[PDB]
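Residue numbers (our numbering), protein chains in the order written: chain A, 1 to 75; chain B, 1 to 333; chain C, 1 to 450; chain D, 1 to 136; chain E, 1 to 340; chain F, 1 to 50.
For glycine and all other residues, C-beta sits at the position ideal for the given N, C-alpha and C.
Okay, so here's the structure we're looking at.
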Amino acid sequence: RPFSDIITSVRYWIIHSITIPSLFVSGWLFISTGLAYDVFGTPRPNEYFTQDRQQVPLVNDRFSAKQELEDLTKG
Amino acid sequence: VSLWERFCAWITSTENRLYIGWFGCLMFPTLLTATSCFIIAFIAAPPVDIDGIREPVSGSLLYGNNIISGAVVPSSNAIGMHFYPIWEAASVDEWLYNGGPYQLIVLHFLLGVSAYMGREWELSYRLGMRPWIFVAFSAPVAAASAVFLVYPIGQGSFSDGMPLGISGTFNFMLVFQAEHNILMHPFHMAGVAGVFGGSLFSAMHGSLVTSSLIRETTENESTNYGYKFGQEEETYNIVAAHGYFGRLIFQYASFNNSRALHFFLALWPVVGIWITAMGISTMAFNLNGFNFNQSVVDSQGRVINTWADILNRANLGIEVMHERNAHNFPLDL
Amino acid sequence: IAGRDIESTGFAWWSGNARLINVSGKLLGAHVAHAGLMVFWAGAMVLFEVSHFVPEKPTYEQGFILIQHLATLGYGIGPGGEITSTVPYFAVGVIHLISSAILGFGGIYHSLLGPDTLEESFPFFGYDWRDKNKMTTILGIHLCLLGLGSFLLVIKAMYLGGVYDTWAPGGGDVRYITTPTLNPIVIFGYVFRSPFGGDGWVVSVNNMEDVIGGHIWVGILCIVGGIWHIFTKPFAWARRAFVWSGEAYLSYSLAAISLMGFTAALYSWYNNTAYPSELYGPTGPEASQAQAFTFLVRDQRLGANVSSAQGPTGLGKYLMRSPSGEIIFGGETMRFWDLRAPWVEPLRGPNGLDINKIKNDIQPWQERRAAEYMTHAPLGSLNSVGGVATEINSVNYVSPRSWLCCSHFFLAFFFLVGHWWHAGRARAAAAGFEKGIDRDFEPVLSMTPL
Amino acid sequence: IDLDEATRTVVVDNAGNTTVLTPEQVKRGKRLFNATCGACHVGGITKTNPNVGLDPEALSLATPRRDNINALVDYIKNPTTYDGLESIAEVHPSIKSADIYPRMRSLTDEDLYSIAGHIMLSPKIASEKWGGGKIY
Amino acid sequence: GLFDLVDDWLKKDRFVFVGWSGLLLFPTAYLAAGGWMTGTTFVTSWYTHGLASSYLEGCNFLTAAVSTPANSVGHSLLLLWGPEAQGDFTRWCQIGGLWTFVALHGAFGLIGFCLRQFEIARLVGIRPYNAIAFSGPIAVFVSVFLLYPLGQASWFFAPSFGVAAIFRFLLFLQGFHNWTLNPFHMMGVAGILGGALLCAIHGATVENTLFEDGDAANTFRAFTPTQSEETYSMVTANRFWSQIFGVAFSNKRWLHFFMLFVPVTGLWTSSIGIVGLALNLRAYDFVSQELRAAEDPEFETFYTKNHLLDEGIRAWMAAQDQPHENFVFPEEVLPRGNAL
Amino acid sequence: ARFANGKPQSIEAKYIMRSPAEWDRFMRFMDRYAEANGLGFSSXXXXXXX
Ligand code: CLA
Ligand code: CLA
Ligand code: CLA
Ligand SMILES: CC1=C(/C=C/C(C)=C/C=C/C(C)=C/C=C/C=C(C)/C=C/C=C(C)/C=C/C2=C(C)CCCC2(C)C)C(C)(C)CCC1
Ligand SMILES: CC1=C(/C=C/C(C)=C/C=C/C(C)=C/C=C/C=C(C)/C=C/C=C(C)/C=C/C2=C(C)CCCC2(C)C)C(C)(C)CCC1
Ligand SMILES: CC1=C(/C=C/C(C)=C/C=C/C(C)=C/C=C/C=C(C)/C=C/C=C(C)/C=C/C2=C(C)CCCC2(C)C)C(C)(C)CCC1
Ligand code: OEX
Ligand SMILES: [Cl-]
Ligand SMILES: [Fe+2]
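Shown next, in the form of structure tokens:
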């Protein structure tokens, strides 16, 4: 079926007005609730530096990277 | 039959090995003198002070240069934008000391390329074809004018023009990056897109056309020998090429009116180069690219570096070093 | 719909306006409506700038582009380039808006309900693109209108409150130009001089007297030419070198207007007379000269003997000698020694930069002007970060000179491209092979081999 | 880390008394400073006279001390040389030279207090770039 | 046979050709594109480069990137289950495993695309020149994104998938290797510019030598795909270009083969140059000029000026470009020219 | 150099000698085109009549 016929179909828009806005709102809430910071480990604007360290938190070892990051990302 | 008529006729003749035309009367002497002066200067031009600080720079082959390091050094900074023909100097040696040959060569080259465009159109008219090839050639001409004439006009000195050489070209590009941030300018992005797309479309069009070639030759004979000059039928199968292209990406997405295809081929790189020449021209008047320096700030206020800040770091490194002795005050205006 | 379809016309929708070439009334409607669009933009932008105006900052820091013109005309500006009131700008804006409404209605009426061809019903406004007498008549009428406009500017500057003059004694202010220069030699010296450095073909007009005299001359020439083209007919020598068609006329106009756009772009970048630095900000060279001047003054305050300190290259870091012998500021700004600014001329003598005036008779207002100009140079970025490309983004400023020059240079080149395209197509169409070759009368096959 | 109470405390007077800038003050300052001071004092350096910088160290060595809010506010009211021998109001923006410089024709006290607070506070945040220059 | 009807369904005619090559083209390419999309949106570069490269942290399209892994990790594959990460998606993203994920998956998708071109050509019964042409971009990707970091200290010095990151890569190679002076780069730029030249000139020549095949000004509607005769005069174009330039094409097959050949060989030469750089075998200095300048302080060319620019960019960029080295350069150590 | 200048003639010799070239061209052009007053073609860029 050609694209234009589907795009102009009414039964298409009756299944694309309860699916698209819901997905958009879910994508909004993904970061509005702050879940994305925890899922990907990216720092929040107030987590770049802490009271203990005032410099960039670089990883120096390879096979102990997990523990190093765990420590750096303490506070 | 007068003499003028006879002449005009020989000039606009279409049976001469090379078309002369009326634009040729401007193209030939001008380009010939430009190339003669360029060839002589690339071999035996004495050093020239370019920054006007009495520190001459050698650019000739006979002065310990090679093909890459050699160049025709642009005129001195003391002259600036002033016209400096031979007869304004008190001696030819002095004319060479202040880089007059650069001005001579560049002005003649610009006039020659403009006349070349005109001559392309004139022959198109004589042969009874559609007159728009010189419109396509306008893009390199615009780029050359921007790099050789418009930028010195905006900056205020001929010493800021592109030197005629390889290493000089690289130096010009690096200093342009340092002082102007060409990479972060959307017009340079458009030009890179245009050039990459031109190469892509050239390669793909050539592959599609050569792949679908009607079998009219053996195996022990160049495939190119199947085609004969002055044919009446297409030597390639458009149907097979379009089928392959449509199956490769998508059915809708595909060109059929080969005329539209060739128009798009002409359109992409030309508009890219036009936009790039406009980038250079706009930046000649100090309208630089985006400056995303210290744009990201944490809650407290400390600055978090992005990839743009490292670009600024490299630009600083280039800037504090270019023309080391020329500057006396903190700002480069 | 007979005239509005690729079939009836032969022109695709994207190149749709070409269907109006032979339609007289609709073309007139399109032209009038477009003029209304221009007027509407002028009025709307003036009102916008008046709304966003802030009396603390100078106009060149507020990103303004139109208040400067009306200020140069001498509207609501006081001594030194201070803005007194913004009422005349508001009046100009509203008048332009109303006139734009009228023009837009007229254009719409002539495009929609007006007769398609004016030749049948109004055999005075109808033309043919091919007869020369009517073409020259229209050209002469509009030429007379332009001459009257130039007169109007001269009249405004001479007897209607005057214009703003930076070089006026006691500082920049509005004055009457009582004695414009009428000498043809001095006026046409600008027109016929070199366009290179130190000459400044038409950009290097210095005083307001030359501006007024040149405008008097342009108005007189335009009036005489308009009268002359109306009466006469194109001569034999011009009758066989020109293509006589609508697209050819369009191409001629495109080339001329591209040249004018280039001239205006370079004119806004170098000129201080018709573009006072108090309104448009300092020019390119002006900022560099201001930097050299202010650092010279600062180092002189410490007691250093200016004009005796050798630079790092041994050339002199404060005062140098121009290649013509004139005494100029040192450093990289020696390329800009042709500069002439109202705040630096008091220090210039016949030999160049006088030294006794620099050592003793310096003024605080010159110091303030130089510092302000150095701190506001025509440097910036596309997002208007301001300053040098490597500077951090705290200031927010791009000089209007840069905007004007860049935009108009871009437009001028693209109109040159339009000239190329349209001239080629017009000549090909007049010749008769703008659609193809022929396939039965191919001229290449009739020519000798080579 | 946030712009907490600890980092918003600055010296208010010669003695050493330390007041606290409300967040609003900070904003207004950064705005006013960037609008008026920024063109010449961007980044905490003096563009026209690089010797007399704006970093806290140079303010500490001025005569009199300029490393507190009160002295900065007084300097705006009445600017002097680096050693304080005479006034330079005719060649520097100031309330005294309000006629000469139209920018200050509207500045208020709180405005001056906020600008001085911003000047004092920014070196506490950046701590090495306020007045540093290109290098940093 | 079970294989036969599966092969029949794979080569079914539909909107998009799947083919056998699709089995590794579609998942790998989809995963590479998705990895780039998630990388420039959520994951950061704080713990590998000390940067912020994501929309979540405030970068625009020009600055967001998928940055290379930390230099402390060597040429490790950074597998999600590897010893460096041991599962735990968050730390895998933080140490920079997404770069390797994207690069490896994109390389396999690239292989899949070349195989897809071969299969399409075989099914349609035409010559496979398209795959040979596409071999150029494959060589560029392999030499730049795989071989160059492999020759260097770690993945850290590979280009990052981002707009500004590529600019940083350009400037880094210019500053450290004098890449513009390398003759193979000169060949590459010659090939690329010649390809653009050929494309524009051929388009213009074909479009301006069309035949009278209609009556309307719009010449696009005077063409039909199932046409036998040629639409433009080869003879007239040949004569025009021989009268203007001096030499012109007289063979469409040779013309289009040249159009194919130029950019591909440009890219191949550039790739050879990059492979050379990977081992620091760079065309940096002209020994003769370096000497003759060392023994005489009056000799100067644009070449020595370029060297000074390289030293400046290197010294001023190293501190922030390589945070793992902990470079500290005092102000009096940094090379700087005069007052500026 | 920067001395403004009507055109760029500095010495009467330079003007009086840039003269004969243009006048030589005017004469050779007049040789073909002389005694022409009418012959209005009234067509789009025709100029067919010599
Ligand atoms: C300044 C721009 C401009 C102007 C003045 C015109 C003018 C014209 N075009 Mg046109 N055109 C333009 C841009 C412009 N065009 C562009 C950019 C394209 C490319 C898409 C085209 C493509 C195009 C085609 C393909 C054709 C025209 C045609 C025409 C003519 C008849 C149009 C018509 O019948 O309208 C009919 C349309 C309407 C009635 C709907 C528009 C309703 C009104 C006019 C909109 C404006 C209302 C305004 C906001 C209210 C103000 C009221 C006032 C009192 C304040 C007319 C002279 C036609 C032609 O050749 O005529 C013979 C034709 O076939 N044009
Ligand atoms: C006063 C100036 C002027 C005038 C009256 C004309 C008039 C004409 N031109 Mg034309 N042209 C001009 C300047 C001018 N041109 C310039 C400067 C160029 C160089 C770029 C061209 C290049 C040009 C070409 C290449 C062609 C014409 C054609 C035509 C004819 C039909 C045009 C049409 O229907 O428009 C239709 C208008 C549009 C489709 C609008 C397109 C919008 C453009 C592409 C983008 C504009 C970007 C804008 C600056 C900002 C965008 C904002 C956005 C981000 C929201 C008509 C006689 C056609 C022709 O040959 O007819 C015989 C044709 O093929 N012109
Ligand atoms: C055909 C599509 C395809 C291809 C070619 C790849 C290829 C790759 N993926 Mg991958 N992936 C795919 C689809 C694909 N993926 C899909 C659909 C997903 C979503 C679930 C993922 C999710 C994914 C993740 C999350 C990761 C990869 C990674 C990788 C890379 C390393 C994989 C590795 O080492 O395992 C190689 C595995 C094999 C060779 C197994 C092949 C099957 C064997 C031969 C069957 C027989 C074995 C037998 C049972 C053993 C007998 C006993 C033994 C003792 C002999 C590699 C480039 C990793 C990576 O790039 O990290 C940087 C990584 O972390 N992929
Ligand atoms: C034909 C055509 C066309 C065109 C059209 C035209 C071009 C039109 C124009 C139009 C116009 C051009 C219009 C205008 C209008 C205007 C108006 C409507 C105005 C109004 C005003 C007002 C209302 C004001 C008010 C005010 C005041 C008084 C004060 C202050 C405030 C304010 C401002 C509010 C087109 C393209 C579409 C399409 C095709 C067809
Ligand atoms: C206002 C003013 C001024 C001005 C004045 C005047 C008086 C002007 C004029 C102007 C003029 C007086 C101009 C003229 C121009 C001309 C031209 C521009 C020409 C051109 C020509 C042509 C283009 C031709 C062509 C051709 C040829 C070459 C060949 C054959 C064909 C033909 C014919 C086409 C001044 C600056 C003083 C000052 C300020 C104010
Ligand atoms: C990595 C990974 C993965 C995967 C994932 C995925 C596969 C994802 C996907 C994702 C995606 C797939 C996403 C996408 C996104 C998109 C977007 C975000 C877009 C945007 C767009 C826009 C923004 C546009 C723009 C534009 C243009 C471009 C042009 C025209 C104009 C406009 C404006 C429209 C997994 C799970 C396996 C796990 C492991 C890791
Ligand atoms: O000459 Mn070539 O590079 Ca244009 O900026 Mn200023 O001048 Mn020099 O420094 Mn930077
Ligand atoms: Cl300087
Ligand atoms: Fe082709």
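Check                                                                                                                                                                       : Outcome
Please report how far the alpha carbon of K77/D lies from the alpha carbon of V57/B, in whole angstroms.                                                                    : 54 angstroms
Check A153/E in the structure and name its three-state DSSP category.                                                                                                       : coil
Terminal residues of the continuous beta strand (DSSP E) containing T63/E?                                                                                                  : It is not in any beta strand (DSSP E) - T63/E carries neither H nor E in the DSSP assignment.
Quick check on the DSSP output: the alpha helix (DSSP H) that includes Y15/F runs from which residue to which?                                                              : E12 to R32
Can you find the residues in the same chain that come closer than 8 angstroms, C-beta to C-beta, to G330/C, ignoring five residues on each side of it along the sequence?   : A292, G311, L315, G316, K317, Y318, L319 and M320
Going along the chain, which residues of its own chain have a beta-carbon closer than 8 angstroms to the beta-carbon of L250/C, five neighbours each way excluded?          : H422 and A426
Using the beta-carbon count (16 or more within 10 Å), is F302/E buried or exposed?                                                                                          : buried
Any residues in the stretch 302-322 of chain B with a beta carbon nearer than 8 angstroms to a beta carbon of chain A? Which ones, in chain order?                          : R302 and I304
Between the alpha carbons of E61/C and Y63/B, how many angstroms are there, rounded?                                                                                        : 51 angstroms
In chain order, what residues of the same chain lie with their CB nearer than 7 angstroms to the CB of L24/E, ignoring the 5 residues before and after it?                  : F108 and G112
Is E221/B helix, strand or coil when you go by DSSP?                                                                                                                        : coil
Determine the DSSP secondary structure at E298/E, reduced to helix, strand or coil.                                                                                         : coil
Can you give me the C-alpha to C-alpha distance between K305/E and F196/B, rounded to a whole angstrom?                                                                     : 30 angstroms
Under a three-way DSSP split, which group does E290/E fall into?                                                                                                            : helix
Which residues in chain D have a C-beta closer than 9 angstroms to the C-beta of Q300/B? List them in chain order.                                                          : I1, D2, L3, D4, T7 and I125
When DSSP labels each residue in this structure, what does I14/A get in the three-state scheme?                                                                             : coil
Any chance you could list the residues with Cβ under 6 angstroms from a heavy atom of ligand 8, keeping chain order?                                                        : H327/B, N328/B, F329/B, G331/C, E332/C and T333/C
Quick one: Cα of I14/A to Cα of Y252/B, how far?                                                                                                                            : 26 angstroms
Can you grab the Cα-Cα spacing for the pair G436/C / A266/B, in whole Å?                                                                                                    : 18 angstroms
Please state the DSSP three-state secondary structure of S54/E.                                                                                                             : coil
In this structure, does DSSP put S4/A in helix, strand or coil?                                                                                                             : helix
When every heavy atom of ligand 9 is checked, does at least one fall within less than 7 angstroms of the C-beta of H205/B?                                                  : yes
Exposed or buried, which one is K359/C when buried takes at least 16 other CB atoms within 10 Å?                                                                            : exposed
For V297/C, I'd like the list of residues in its chain whose CB is within less than 7 angstroms of its CB, leaving aside the five on either flank, ordered along the chain. : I362 and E367
Note down, in chain order, every chain C residue with its Cβ under 8 angstroms from the Cβ of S43/F.                                                                        : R130 and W244
Is the number of C-beta pairs between the stretch 317-330 of chain E and the stretch 304-324 of chain B that are closer than 8 angstroms three or more?                     : yes
Would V189/E pass as an interface residue toward chain C - the criterion being a Cβ-Cβ separation below 8 angstroms?                                                        : no
Using 8 angstroms as the limit for Cβ to Cβ distance, is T50/A near chain D?                                                                                                : yes
Any chance the stretch 260-279 of chain E sits against the stretch 185-201 of chain E, with 3 or more Cβ pairs inside 8 angstroms?                                          : yes
Is the CB-CB distance between residue 451/C and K129/D below 8 angstroms?                                                                                                   : Given that chain C is displayed from residue 1 to residue 450, the structure contains no residue 451/C and the question cannot be resolved.
Between the stretch 228-243 of chain B and the stretch 198-216 of chain B, do at least 3 Cβ pairs fall closer than 8 angstroms?                                             : yes
Distance check for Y397/C and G281/C, CA to CA, integer angstroms please.                                                                                                   : 11 angstroms
With a threshold of 7 angstroms (Cβ to nearest heavy atom), would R19/C be considered close to ligand 1?                                                                    : yes
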